[PDB]
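Descriptive structure summary
The primary structure of each chain is shown beneath.
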Amino acid sequence: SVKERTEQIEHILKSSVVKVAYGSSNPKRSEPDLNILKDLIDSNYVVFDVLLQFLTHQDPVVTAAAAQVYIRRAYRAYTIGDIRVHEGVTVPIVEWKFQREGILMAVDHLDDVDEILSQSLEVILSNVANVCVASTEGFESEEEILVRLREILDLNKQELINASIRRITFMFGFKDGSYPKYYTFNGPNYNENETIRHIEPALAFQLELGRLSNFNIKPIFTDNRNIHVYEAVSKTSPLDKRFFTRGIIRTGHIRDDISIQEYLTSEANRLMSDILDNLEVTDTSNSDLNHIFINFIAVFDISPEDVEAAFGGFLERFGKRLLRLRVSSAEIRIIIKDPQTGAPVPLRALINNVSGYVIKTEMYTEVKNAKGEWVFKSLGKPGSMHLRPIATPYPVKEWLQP
């Protein structure tokens, strides 16, 4: 796959750019066919892991077709406008509108940023800036690479504001399969939003950090960038300390042999082990109600009954590890494709150790309320949160309030 996908993109981007037959030359710069890219933008598989490669490629016409992907996909749950491709100081600059405007830039090395930055800003808090770096051959530590960003930011600060930059994101490509890195900095003082590291901000909703609105969060950086760990402390009670962990699975390659059930289940396990590793290391001192949240991103042909079955025994299998770490509940978010309609239908497994004697895997779908809001709707018999809103924050231990 890594290779075959990477190969698949080269062709796929170029088929959008080709308008003509053999021999006859094509326009130097035309639009790219959406319909060809519509596979890549709406794909169930991962894309942002390699796609970044094809942004600082040779042909500038390609770069453009690759960026649309990045933006079209990145802002797919947004009503996107029209995209305009400029030429900047060195590299081209892509600009789009959505509902506010966004800038996208392509670079070769972090030393060349300060340059194009200021320039690009001449294209013009409510707007979005984000930058891809092709490489950082020159630095070593991460903290090293940051402090240059902190400069590169603090240096253009004024210009950044004058373009109403809500937030600016620095991306870092790869080719070996690693998911890119991301550093996003907010606001009128430009500063790392540490809580959304290593995710495009448009997709950040994936972590569902809103649901931690009753606690004071702090990330706890990790080798692994599918896993986001947060130390959380009740706003109303400093003794109610917890550890919310927010894993995301996005599928690179499904095998032929194995069913969807087996896939979900193994991929599922594979996180857990890492997840639980990172905890069996970090200082989880007076923790007590720790939480795991696996968010599958692909869409799947499995059926609800199959899904549920996929997670029978899931936790039981890590009994000790979960018990010493004091994890109590899990929550998994899977997306089925309706058998007839083919429409994607999201599910929600919720598994609860609570009432310590047995585990309980409540199941649910997501559905819009009468009022507008999305709502857990139990698949089976009414369960804990049958009409409750999906976006409902985690409640605090009230009996620790002074």
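Per the PDB record, the structure was determined using X-ray crystallography to 3.1900 Å resolution.

Some thoughts on the pairing of strand β1 (residues 80-87)
Pairing of β1 with strand β2 (residues 92-98), which is carried by 6 bridges, proceeds in the antiparallel orientation. When the bridges of β2 are listed, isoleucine 83 appears paired with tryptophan 96. The hairpin formed by β1 and β2 contains 4 residues between the paired strands.

Here's the deal with the pattern of salt bridges
Where side chains of opposite charge bring their charged atoms close, a pairing between them can arise. All chains considered together, the criterion is met by 23 salt bridges. Between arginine 197 and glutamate 192 there is a salt bridge whose closest N-O contact spans 2.6 Å. Exposure remark for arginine 197: the relative accessible area of 10% places this residue in the buried category. When its relative accessible area of 18% is taken as the criterion, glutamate 192 is described as buried. Across the pair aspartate 240 and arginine 242 runs a salt bridge whose closest N-O atoms are separated by 2.9 Å. By relative accessible area, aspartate 240 is classed as buried at 2%. Judged by its relative accessible area of 7%, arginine 242 falls in the buried class.

Focus: the sheet that holds strand β7 (residues 191-192)
Read across the sheet, 7 strands follow the order β1-β2-β3-β4-β5-β6-β7 without closing on themselves; strand pairing throughout is mixed. Either end of the sheet is taken by a strand with one partner, and the two such strands are β1 and β7. Against the sheet, helix α3 (residues 60-74) touches β1, β2, β3 (101-109), β5 (165-172) and β6 (181-186), its axis set at about 150° to β1. Sheet strands in contact with helix α5 (residues 142-161) are β5 and β6, and its direction is about 145° off that of β5.

A few points about the domain arrangement of the chain
Its domain assignment divides the chain into domain 1 (1-74), domain 2 (75-206) and domain 3 (207-402). Computed from C-alpha atoms alone, the centre-to-centre distance between domain 1 and domain 2 is 21 Å. Between domain 1 and domain 2, the residue contacts involve 19 residues of the former and 29 residues of the latter. Our count for the contact surface shared by domain 1 and domain 2 stands at 1 salt bridge. With its nearest N and O atoms 2.4 Å apart, the salt bridge here joins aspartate 42 to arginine 76. Inspection of the domain 1/domain 2 interface yields 7 residue pairs in polar contact. Looking at which element gives the most residues to the side of domain 1 that touches domain 2, the answer is α3, with 8 residues.

Points about empty space enclosed by the protein
Here the largest cavity is characterised by a volume of approximately 140 Å³. As for the largest cavity, its lining consists of 15 residues, and the residues nearest its centre are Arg197, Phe221, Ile227, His228 and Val229. It is strand β9 (residues 227-234) that provides the largest number of residues to the lining of the largest cavity, a total of 4 residues. Of the residues assigned to the lining of the largest cavity, the class counts are 7 nonpolar, 5 polar and 3 charged. When residues are assigned to domains, the lining of the largest cavity turns out to be shared by domain 2 (75-206) and domain 3 (207-402), each giving three or more.

Re helix α1 (residues 2-17)
Residues separated by three or four positions in an α-helix point in the same direction, a consequence of the helix having 3.6 residues per turn. Look at α1: 23 Å from first C-alpha to last across 16 residues, which is about the 22 Å you get at 1.5 Å a residue. When α1 is considered as a whole, its buried residues turn out to be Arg5, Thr6, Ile9, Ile12, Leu13 and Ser16. Viewed along the axis of α1, the buried residues span an arc of 125°, placing them on a single side of the element. Away from its buried face by more than 90 degrees, α1 exposes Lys3 and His11. On its buried face, α1 is in contact with α2 (34-41) and α3.

Observations regarding the packing of aromatic side chains
Counted according to the given criterion, the structure contains 16 aromatic pairs. Ring plane angle 40° and centroid distance 4.2 Å describe the contact between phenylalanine 48 and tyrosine 70, whose orientation is recorded as tilted. With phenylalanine 48 in the loop between α2 and α3 and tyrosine 70 in helix α3, the pair connects residues that are 22 residues apart, well separated along the chain. The class of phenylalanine 48 is buried, set by a relative accessible area of 1%. Considering the side-chain rings of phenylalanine 244 and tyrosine 394, the 4.6 Å spacing of their centres and the 50° angle between planes classify their relative orientation as tilted. With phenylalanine 244 in strand β10 (residues 237-249) and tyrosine 394 in the segment after β16 (374-378), the pair connects residues that are 150 residues apart, well separated along the chain. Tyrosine 394 shares its class with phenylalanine 244; the two are buried. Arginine 197 extends its terminal NZ or CZ atom over the ring of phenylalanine 221, reaching a point 4.0 Å from the ring centre.

Re the side chain of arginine 333
Here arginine 333 lies in strand β12 (residues 327-333). Reaching out from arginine 333, the side chain makes a polar contact with the side chain of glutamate 366 at a distance of 2.7 Å. In this structure, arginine 333 is in contact with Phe293, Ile294, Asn295, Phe296, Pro346, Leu347, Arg348 and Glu366, ignoring residues within four places of it in sequence.

What to know about the packing of α2 against α3
At their nearest, the axes of α2 and α3 sit 10 Å apart, and the two run at 55° to each other. Between α2 and α3, the interaxial angle falls into the category oblique. As for the relative orientation of α2 and α3, their crossing is right-handed in sense. Contacts from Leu34, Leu37, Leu40 and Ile41 in α2 reach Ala65, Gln68, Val69, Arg72 and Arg73 in α3. Along the lines of polarity and charge, the residues of the contact of α2 with α3 split into 6 nonpolar, 1 polar and 2 charged.

Calculation rules
- Residues numbered from 1 in each chain as written, not as in the entry; some residues may be left out.
- Heavy atoms only, no water.
- Pairing = 2+ DSSP bridges.
- Helix = DSSP H or I, 4+ residues; strand = E, 2+ residues; numbered from the N terminus.
- Salt bridge = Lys/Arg side-chain N within 4 Å of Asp/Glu carboxyl O.
- Buried < 20%, exposed > 50% of the residue type's maximum accessible area, 1.4 Å probe, protein only.
- Contact = heavy atoms within 4.5 Å.
- Axes fitted to C-alpha atoms, helices over the stretch in contact; angles between N-to-C directions.
- Domains from an automatic or database assignment.
- Polar contact = N/O pair within 3.5 Å; in protein donor to acceptor, adjacent residues only side chain to side chain.
- 1 Å grid on protein atoms, 1.4 Å probe; cavity = no way out; pocket = protein on both sides within 12 Å on 5 of 7 lines; lining within 4 Å.
- Points joined across faces, edges and corners; volume = space filled by probe spheres on them.
- Nonpolar A, V, L, I, M, F, W, Y, C, P; charged D, E, K, R; others polar.
- Expected span 1.5 Å × (residues − 1).
- Arc of directions from axis to C-beta.
- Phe/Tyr/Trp six-rings, centres within 6.5 Å; stacked < 30°, edge-to-face > 60°.
- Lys NZ or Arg CZ within 6 Å of the ring centre and 35° of its normal.
- Parallel < 35°, antiparallel > 145°, perpendicular 65-115°, else oblique.
- Left-handed = near helix turned anticlockwise from the far one by under 90°.

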